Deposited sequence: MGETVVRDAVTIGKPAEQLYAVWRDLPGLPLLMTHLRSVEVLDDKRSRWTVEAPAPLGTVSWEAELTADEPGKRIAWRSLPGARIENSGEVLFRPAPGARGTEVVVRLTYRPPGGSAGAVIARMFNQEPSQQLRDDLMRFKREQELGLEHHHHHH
């Protein structure tokens, strides 16, 4: 399955990038996540809630791409429970001075939850949290 959404924010791309690059904070931006822990420069352990008896489901993932102010991408490692990937892009918006943040997640309603998450993110940034 694929989840894709985008929001334009009146802030520099470098500033929005830094927010996402802090992996432990991702569960704030993508609320379907319970926690993200840095294991090393490229690896991290991701966790999400899961009904009984599972409780939670965890897996490890690595960054496949990381370009300051431009993009951050990741994908679960071979053997991870839930096979998934994601990519966040920071692109100059056509209108005026703003950054379009494009988020695409894959795993093999979510769209509504991601929309809400991104709009919330937009709002906080544009008001100054």
> Since the structure holds only modelled residues, which stretches of the deposited sequence does it leave out?
Replying inline: 1 to 3, 112 to 127, 149 to 155
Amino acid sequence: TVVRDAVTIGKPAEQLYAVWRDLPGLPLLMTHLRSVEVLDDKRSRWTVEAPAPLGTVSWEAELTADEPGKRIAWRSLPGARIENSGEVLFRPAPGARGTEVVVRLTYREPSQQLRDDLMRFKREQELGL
From here on, numbers count along this sequence of modelled residues.
>> Tell me which stretch, 68 to 76 or 89 to 97, has the higher mean Cα B-factor listed in the entry.
In response: 89 to 97
> Which is higher on average in the deposited entry, the C-alpha temperature factors of 31 to 39 or of 77 to 85?
Replying inline: 77 to 85
>> Using only modelled residues of the chain, where does the Cα B factor of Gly10 rank: lowest third, middle third or highest third?
In response: middle
> If you rank the chain by CA B-factor, which third does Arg21 end up in: lowest, middle or highest?
Replying inline: lowest
>> Quick check for you: using the entry's CA B-factors within this chain, is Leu63 in the lowest, middle or highest third?
In response: lowest
> What third of the chain, by the recorded C-alpha B-factor, contains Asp117?
Replying inline: lowest
>> Quick check on the deposited entry: does the C-alpha B-factor of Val102 sit in the lowest, middle or highest third of its chain?
In response: middle
